[PDB]
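Chains as they are written, first to last, in the deposited numbering: chain LM, 1 to 140; chain LC, 1 to 389.
A short worksheet on the structure shown next.
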Amino acid sequence: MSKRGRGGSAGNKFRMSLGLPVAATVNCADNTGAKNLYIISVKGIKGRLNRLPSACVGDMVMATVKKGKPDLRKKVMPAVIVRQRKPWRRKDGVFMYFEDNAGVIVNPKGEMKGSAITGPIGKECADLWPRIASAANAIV
Amino acid sequence: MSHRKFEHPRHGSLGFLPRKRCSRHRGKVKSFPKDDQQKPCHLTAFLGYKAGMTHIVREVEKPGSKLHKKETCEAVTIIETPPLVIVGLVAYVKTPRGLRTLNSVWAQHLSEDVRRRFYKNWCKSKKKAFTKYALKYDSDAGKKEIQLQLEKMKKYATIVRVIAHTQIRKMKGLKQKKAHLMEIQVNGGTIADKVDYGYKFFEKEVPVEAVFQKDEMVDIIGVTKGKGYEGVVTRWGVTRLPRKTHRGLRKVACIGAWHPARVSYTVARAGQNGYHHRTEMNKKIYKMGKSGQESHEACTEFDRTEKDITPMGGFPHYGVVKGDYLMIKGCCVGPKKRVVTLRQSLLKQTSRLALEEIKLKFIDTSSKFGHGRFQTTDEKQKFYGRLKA
RNA sequence: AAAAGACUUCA
RNA sequence: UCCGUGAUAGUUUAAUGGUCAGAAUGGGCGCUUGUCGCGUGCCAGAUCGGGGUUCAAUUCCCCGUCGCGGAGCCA
RNA sequence: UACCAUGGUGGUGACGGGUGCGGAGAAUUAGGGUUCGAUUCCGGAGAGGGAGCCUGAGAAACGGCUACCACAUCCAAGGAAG
RNA sequence: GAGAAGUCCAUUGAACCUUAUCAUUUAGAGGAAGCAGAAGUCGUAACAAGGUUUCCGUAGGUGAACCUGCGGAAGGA
RNA sequence: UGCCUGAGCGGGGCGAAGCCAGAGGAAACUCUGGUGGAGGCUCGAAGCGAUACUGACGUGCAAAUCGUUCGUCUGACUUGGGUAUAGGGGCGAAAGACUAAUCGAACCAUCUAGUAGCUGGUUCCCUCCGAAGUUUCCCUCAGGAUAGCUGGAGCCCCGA
RNA sequence: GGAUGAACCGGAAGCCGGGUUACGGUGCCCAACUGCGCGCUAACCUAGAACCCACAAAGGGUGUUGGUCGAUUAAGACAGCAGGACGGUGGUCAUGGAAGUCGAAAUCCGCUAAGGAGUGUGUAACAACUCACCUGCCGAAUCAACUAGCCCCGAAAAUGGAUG
RNA sequence: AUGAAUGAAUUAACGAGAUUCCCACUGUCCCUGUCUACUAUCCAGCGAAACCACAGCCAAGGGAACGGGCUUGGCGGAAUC
RNA sequence: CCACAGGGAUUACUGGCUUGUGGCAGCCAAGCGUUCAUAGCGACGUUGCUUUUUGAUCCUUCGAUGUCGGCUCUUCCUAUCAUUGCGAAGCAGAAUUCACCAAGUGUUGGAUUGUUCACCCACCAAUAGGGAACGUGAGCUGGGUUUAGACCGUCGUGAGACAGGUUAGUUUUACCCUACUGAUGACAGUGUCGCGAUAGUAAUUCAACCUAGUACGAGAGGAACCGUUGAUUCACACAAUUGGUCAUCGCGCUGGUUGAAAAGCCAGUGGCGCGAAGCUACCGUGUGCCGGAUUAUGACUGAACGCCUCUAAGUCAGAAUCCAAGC
RNA sequence: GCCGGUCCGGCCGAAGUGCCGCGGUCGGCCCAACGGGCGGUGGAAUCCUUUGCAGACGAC
Numbered sequence: 001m002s003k004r005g006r007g008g009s010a011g012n013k014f015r016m017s018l019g020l021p022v023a024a025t026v027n028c029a030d031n032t033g034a035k036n037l038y039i040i041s042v043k044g045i046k047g048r049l050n051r052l053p054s055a056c057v058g059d060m061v062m063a064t065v066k067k068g069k070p071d072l073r074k075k076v077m078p079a080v081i082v083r084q085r086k087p088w089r090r091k092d093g094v095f096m097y098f099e100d101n102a103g104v105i106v107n108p109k110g111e112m113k114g115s116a117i118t119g120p121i122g123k124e125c126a127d128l129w130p131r132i133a134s135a136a137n138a139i140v
Numbered sequence: 001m002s003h004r005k006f007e008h009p010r011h012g013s014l015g016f017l018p019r020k021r022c023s024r025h026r027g028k029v030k031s032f033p034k035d036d037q038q039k040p041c042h043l044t045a046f047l048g049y050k051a052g053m054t055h056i057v058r059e060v061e062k063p064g065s066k067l068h069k070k071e072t073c074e075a076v077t078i079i080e081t082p083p084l085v086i087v088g089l090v091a092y093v094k095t096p097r098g099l100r101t102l103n104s105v106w107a108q109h110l111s112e113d114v115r116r117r118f119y120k121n122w123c124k125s126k127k128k129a130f131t132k133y134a135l136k137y138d139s140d141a142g143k144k145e146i147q148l149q150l151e152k153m154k155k156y157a158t159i160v161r162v163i164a165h166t167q168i169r170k171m172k173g174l175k176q177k178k179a180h181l182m183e184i185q186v187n188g189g190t191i192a193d194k195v196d197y198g199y200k201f202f203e204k205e206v207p208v209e210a211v212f213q214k215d216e217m218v219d220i221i222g223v224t225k226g227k228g229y230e231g232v233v234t235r236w237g238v239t240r241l242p243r244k245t246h247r248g249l250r251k252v253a254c255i256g257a258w259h260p261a262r263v264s265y266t267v268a269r270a271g272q273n274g275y276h277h278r279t280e281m282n283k284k285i286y287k288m289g290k291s292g293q294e295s296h297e298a299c300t301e302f303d304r305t306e307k308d309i310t311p312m313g314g315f316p317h318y319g320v321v322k323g324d325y326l327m328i329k330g331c332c333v334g335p336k337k338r339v340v341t342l343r344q345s346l347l348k349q350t351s352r353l354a355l356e357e358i359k360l361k362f363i364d365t366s367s368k369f370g371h372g373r374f375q376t377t378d379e380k381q382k383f384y385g386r387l388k389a
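So this is what it looks like as structure tokens:
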């Protein structure tokens with residue numbers, strides 16, 4: 001069976017087009033002290049021949065700190081993608097996009113590793129990760 | 001290995017092959033839903049022509065997940081589905097060589113419809129009074145011949161089928177005047193009752209409203225849009241080959257291995273693409289109606305609002321829908337102005353899928369693109385116009 | 001007018 | 001990996017005609033000198049491992065471990 | 001601010017750089033100097049950083065505004081708010 | 001006769017980004033061996049005319065202390 | 001490659017000699033403004049060169065071409081004509097580069113019908129018999145040589 | 001003739017004609033037997049002298065047949081089912097502990113028609129049931145052991161199945 | 001198996017020279033699309049070469065051990081674009 | 001720096017034979033695992049299978065078999081990494097450990113290196129191995145190997161040499177046959193609607209919720225079946241929407257030109273900036289099943305052999321696999 | 001009496017394909033399954049022209 005484990009979510013509820021591949025650099029939406037991440041992997045995608053793993057809004061990610069906390073430059077840490085510039089399509093049928101591509105850095109428990117957010121979170125991520133949600137100042 | 005290495009699913013299906021011209025322009029079912037319901041009032045299929053696509057808002061249903069109850073959009077194909085003439089009852093025998101038709105009983109009236117049936121169908125374009133179709137016997141001499149045929153048919157237990165055609169001058173967007181002939185099986189209860197109901201159904205037309213209920217799960221069958229001839233990338237979904245430049249660009253490398261010194265059938269190679277037969281299953285039939293004169297349409301504030309099923313200005317390269325109509329969920333095979341045939345869902349469990357219907361909120365109607373919504377908008381445009389609107 | 005060098009630390 | 005080339009005392013390094021093995025330095029013992037050192041007398045090797053030929057093999061063959069040099073094309 | 005003249009300053013230190021408010025005064029030490037320059041008295045200056053303005057005899061205003069930025073705050077989270 | 005919202009030209013004339021460079025706090029590419037502790041090796045230079053009298057400018061060059069060529073000095077026989 | 005004698009290099013940038021003013025110092029010479037412009041100098045036109053697509057072409061437009069890119073461009077530069085040096089010789093900022101599509105020794109014609117233990121081929125019928133692929137020698141082993149294996153033509157009348 | 005096949009078999013060939021044969025073969029393809037007497041195999045083993053070409057081993061197999069030898073049998077077997085076992089004495093050693101039942105003496109008898117100091121199940125240890133031997137019910141062959149055949153097993157490969 | 005004019009070390013400027021890192025950017029890439037041009041295609045006209053012992057199905061097998069053809073099996077309506 | 005005559009009479013090299021070497025297996029089971037050969041581990045010895053490493057040979061080619069590695073594209077094997085169903089355990093849950101059936105579908109994305117291989121990183125359900133002339137140059141690529149230039153080290157008196165390193169260093173052809181993909185296309189009394197012998201294959205997998213903080217458990221932890229939601233991957237399709245394009249067509253702004261504004265030209269095949277139907281994909285948006293027979297196995301009835309026995313005669317179930325369902 | 005085409009109709013037949021009977025007529029005790037004629041009597045499509053849902057041509 002699965003070597004463990006947890007994380008890979010529940011039904012998001014909406015449709016997202018992938019915007020951040022491997023090696024993409026991304027805003028850190030917390031005050032952990034990290035202030036630019038680099039994405040290396042997604043908890044649960046499987047790819048193929050010649051093609052990049054890409055991640056999106058609601059993915060649980062591992063990312064490494066290109067700028068940021070002392071615990072952080074050049075640590076490799078878990079993260080969640082909170083915002084993206086490439087459109088998401090809701091059940092109603094509206095398309096949402098954000099100004100920035102942003103994630104928060106996360107505990108193996110799925111809580112934030114920082115005291116407070118910066119910027120909005122999509123409610124879809126907040127549903128999925130409710131201990132990211134209960135740090136979020138604004139929910140869209 | 002041998003190689004390599006880093007290995008892939010193979011592009012473009014083998015159950016969807018040969019990727020080749022279809023033999024006739026109008027789709028053809030090789031099998032039907034089972035006799036498990038009412039007699040041959042249940043014709044097992046109906047036809048229409050694809051007008052375009054529109055869109056709907058509905059009050060939904062589910063409850064398990066986060067978004068729920070409540071308004072949603074879902075996407076819609078509009079088909080014009082005018083009433084179709086069931087002309088004759090065709091008697092199929094079970095034989096150990098397959099089914100064989102025996103004799104056919106005909107209504108008193110197909111009569112521009114058989115002249116259209118003689119147009120590719122047969123040939124030479126219907127000008128001063130020709131091709132010829134045979135006339136009916138002396139009435140009740142020919143009805144006793146036919147009722148002696150009914151006797152053999154309704155003693156030896158025929159698997160009942162219907163010849164029907166589309167009376168096409170009830171569509172407008174194919175400006176064309178020609179009938180399209182089809183074989184539709186008739187399914188139902190016991191075989192004698194099934195012949196009787198098929199008899200009472202050829203001596204008068206059948207609309208969509210007598211074969212499909214609104215919400216019902218329908219398998220839709222058509223022939224794809226044609227491309228012409230193509231290479232492998234746009235015909236089987238293979239990669240472009242990358243370097244800046246290359247003495248072959250959109251190419252397969254080898255079309256085999258050294259052995260087999262003979263190119264296999266399964267390799268992705270160029271050829272024709274499109275104009276392929278397809279059956280596309282389990283389509284939820286969101287509305288059937290008429291422009292009016294059946295409904296009404298939708299309701300004033302609220303449920304939801306009145307919208308004639310055209311986008312104004314017409315469906316691009318089709319026309320205006322203004323007759324009998326069928327709104328089918330999502331995609332439906334073909335271009336625009338092609339024969340599409342609709343059949344009750346084959347997968348008897350019988351189940352979910354759909355079950356419950358799903359209040360029509362919006363059709364779309366549009367009115368959008370720089371202007372809209374209808375009525376008050378058209379008034380507002382006319383105020384700014386004003387001699388050319 | 002001279003062959004030939006060394007020689008532990010603190011007291 | 002092929003053709004060439006060596007080894008002798010602690011260490012660096014001479015040598016034979018088949019009967020015979022050295023040097024220098026280093027070291028061991030005395031004397032210098034108050035004491036060390038500079039200097040001065042005295043001393044001390046299974047000739048790499050290995051088998052064979054012969055009256056007699058450090059010396060003449062064959063093998064091998066090591067350290068050396070020199071080659072190894074047209075892909 | 002126009003136009004005309006090309007200047008004016010500095011081997012008696014101009015222009016520039018650094019400096020863990022200036023004076024009245026404090027501390028020393030026999031005197032000389034050294035040191036210190038501040039909280040107080042006096043004059044000047046600034047009110048999170050910076051420019052501008054109304055009002056009023058007088059402000060270029062800590063207890064007024066405008067408003068960019070910096071940073072906390074309120075939220076029935078629209079907007080206010082220091 | 002007063003003259004609201006207001007829109008334009010001109011001026012004093014904010015803040016982010018455009019410079020380019022200098023300064024401060026810093027870290028730091030890579031690198032030289034100046035002093036030092038006593039517990040080290042090398043030689044025995046200087047120290048008595050130091051066993052070749054010292055020191056000195058100057059170049060050369062040496063394991064190094066240094067050596068010596070040239071000229072100068074007596075803090076020298 | 002040399003020699004002779006001609007010709008060609010838009011325009012722009014940077015700013016060496018050293019001297020004026022202004023100013024300093026006893027002098028020495030110095031500071032700041034400023035002028036002028038040196039250069040196998042810089043960015044680049046005519047002109048030269050030929051880096052990249054490892055593109056286009058590859059029975060071509062072409063027996064080394066085309067497009068776009070890239071380097072040099074007042075210099076040991078480029079180039080027209082008149083012109084030296086000729087075959088183990090010339091010329092070479094020397095790669096074995098270049099000497100008329102031919103260069104680790106040009107081309108032509110001749111010697112010449114070179115020479116090849118090597119490859120290829122060698123053209124009418126039939127009959128009688130019918131192989132060797134072994135042995136010694138041999139700079140001998142892709143050949144020679146000498147028997148061995150054969151066959152014809154004659155002569156004679158034992159042999160397991 | 002051997003599917004094909006330089007060298008295996010038959011056979012050494014002038015041409016032709018007819019006859020009979022060799023090797024090898026006789027269900028069809030393919031002339032000619034769906035030949036006779038008997039026996040084994042059911043795995044499609046398997047249609048095969050020889051072959052780079054046709055694989056199959058060590059080892060195993062109550063599959064099945066067959067041969068043989070010993071012992072046991074109507075003075076009643078083998079198996080199954082059912083039924084009998086008092087006392088010496090809670091067997092001597094040894095050891096928390098054997099005491100039928102961890103390990104190790106030792107295995108006799110009175111009282112008896114049969115009746116072992118016991119065959120496997122026990123609880124820390126103490127706690128019961130069966131069983132040796134003997135008997136009934138049943139009725140006919142049983143058991144041991146050597147030997148041999150075939151088959152079975154060991155037995156996984158690459159474009160598509162065959163002994164042609 | 002470094003080493004001093006068989007030059008050692010070192011080094012500013014210069015470079016279509018070799019390797020590496022960063023920012024900027026981007027279709028190289030995720031992953032492909034539409035679109036232009038000239039080709040293509042079709043028409044009239046002009047009109048070639050290479051090459052050619054060979055008829056020209058597949059799967060197996062065999063064979064000088066890599067068969068378009070032998071052998072057994074299996075398939076094939078020609079011709080033409 | 002080469003050249004010539006030849007040879008597959010002889011190498012490298014692909015192929016073929018072999019299979020010591022390599023890979024994998026069986027047997028036996030000393031022994032280890034607290035006690036226990038066989039939960040697991042397992043030596044010596046021994047028999048094999050494969051042909052995919054290496055070696056050997058010299059059969060094939062030297063009037064020419066294009067090299068390694070890579071890419072893409074088709075197909076396969078099974079000695080199965082995952083997924084399905086299983087058996088055992090030193091399987092309390094539970095992570096697991098070993099093994100059986102089984103090839104349907106999956107088997108990834110990156111950092112160093114030309115690398116194959118391998119090391120590393122996060123992923124994943126797991127990121128299996130092995131053939132198809134080391135599949136694949138009349139496809140590509142061209143980094144290594146492997147020409148001519150040159151440097152270094154080593155060797156050599158030297159020319160020059162090295163399984164020693166380094167920088168640079170070319171990829172020809174218009175398809176006759178055949179093969180398949182795709183379009184045509186006579187005979188027969190006609191066109192059309194059909195049947196369906198037969199031929200191809202389509203769905204794979206995951207996460208989470210219900211159950212349940214339950215079972216099981218001292219506790220710590222922590223399951224199942226359906227029932228529900230959604231998404232990875234694949235397939236088909238459409239284009240309402242969102243996203244691209246939009247060299248129909250209409251606008252801003254040059255430079256230069258038609259005297260001048262006005263209306264136009266050229267600057268690419270659209271001067272540049274702005275945007276549509278149609279076509280398309282940013283995973284845009286829609287659509288992807290019970291029964292029958294089996295394997296391993298777990299059972300029923302049951303003899304040979306009165307008992308026992310899952311099978312031998314018979315039978316009940318049982319895999320993502322087979323057949324059907326279905327295109 | 002026994003047979004062979006026939007008028008008129010039924011059963012496998014559900015096609016191709018056949019058979020078997022109530023009342024009589026041409027006949028007995030060559031050419032079936034195909035055809036090839038000398039003769040009597042009697043009752044459509046391609047193109048075109050303009051287009052496409054289609055499309056390299058052809059096709060649709």
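For every residue, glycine included, the Cβ atom is placed at its ideal position computed from N, Cα and C.
Thinking C-beta only, is residue j closer than 8 Å to residue i?
i	j	result
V252/LC	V232/LC	yes
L20/LM	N107/LM	no
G15/LC	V340/LC	no
Just to make sure I have the definition right: I need the residues of chain LM whose C-beta is within less than 9 Å of the C-beta of residue i. Which are they?
i	result
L67/LC	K13, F14, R90, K91, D92
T72/LC	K91, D92, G93
For residue i, list the residues DSSP reports as bridge partners.
i	result
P21/LM	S54/LM
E74/LC	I56/LC
What span of residues does the alpha helix (DSSP H) with residue i cover, start to end?
i	result
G198/LC	191 to 202
Strictly below 7 Å CB to CB, what residues from chain LM border residue i?
i	result
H8/LC	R48, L49
What residues of chain LC sit near residue i, judged by a beta carbon separation below 9 Å?
i	result
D127/LM	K66
Grab the span of the beta strand (DSSP E) containing residue i for me, first residue to last.
i	result
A34/LM	Here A34/LM belongs to no beta strand (DSSP E), and DSSP marks it neither H nor E.
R343/LC	339 to 344
What beta strand (DSSP E) runs, 3 residues minimum, are completely inside the stretch 223 to 291 of chain LC? 226 to 230, 271 to 274, 277 to 284, 287 to 290
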